[PDB]
Every structure is written in structure tokens, then in C-alpha cells.
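Note that the entry's author numbering has the sequence shown beginning at 1, numbered continuously upward. We treat Cβ as the ideally placed atom computed from N, Cα and C, and that holds for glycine. Read through the structure below, which is laid out as C-alpha cells, and then see the notes.
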Amino acid sequence: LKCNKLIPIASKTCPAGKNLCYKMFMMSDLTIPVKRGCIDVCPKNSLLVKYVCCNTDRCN
């Protein structure tokens with residue numbers, strides 16, 4: 001599972017059973033994300049992130 005980055009037309013498949021197409025939003029300004037990629041569960045969000053996510057190839 002890889003999915004799309006900030007742009008609508010992006011990538012296809014990255015490692016393991018990480019189903020969620022992440023939407024890595026900035027903790028300080030959410031709306032337009034930092035990155036858009038691949039993950040199992042929306043991760044442990046640090047001072048610079050608040051991750052959004054959806055279960056299949058290119059769903060973000």
C-alpha cells in the first residue's frame with residue numbers, strides 16, 4: 001500500500017499489511033497536509049503532525 005502524496009495523481013504500493021492511505025496534517029495548520037502516504041494505524045502524532053487515514057490503495 002503506497003497511495004497519493006499532496007497532489008491528486010500519485011503512487012501505488014509500499015511494504016507490509018499497512019492498509020490506511022495516510023493524510024499527515026500539520027498539528028499547527030491542518031487543512032493542506034505535510035504528506036499523504038501509507039500506514040497500518042494513523043501513528044503517534046508528534047508536535048508537527050495530526051494524521052488522517054482511509055483503508056485502500058489511493059483512498060487519500
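Nearest-angstrom Cα separation, counted from residue j out to residue i
i: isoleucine 7; j: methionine 27; result: 20 angstroms
i: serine 46; j: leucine 20; result: 19 angstroms
i: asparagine 55; j: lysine 44; result: 18 angstroms
Presumed contact (8 angstroms Cβ cut-off) between residue i and residue j, rounded CB distance
i: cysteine 38; j: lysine 2; result: 5 angstroms
i: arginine 36; j: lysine 5; result: 5 angstroms
Residue closest to residue i, alpha-carbon to alpha-carbon, out of the options
i: residue 70; options: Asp57, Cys42 and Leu30; result: Here the chain covers residues 1 to 60 and nothing more, so residue 70 does not appear.
i: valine 41; options: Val34, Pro33 and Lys23; result: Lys23
Which runs of the beta strand (DSSP E), 3 residues or longer, sit entirely within the region 19-55? 23-25 and 50-52
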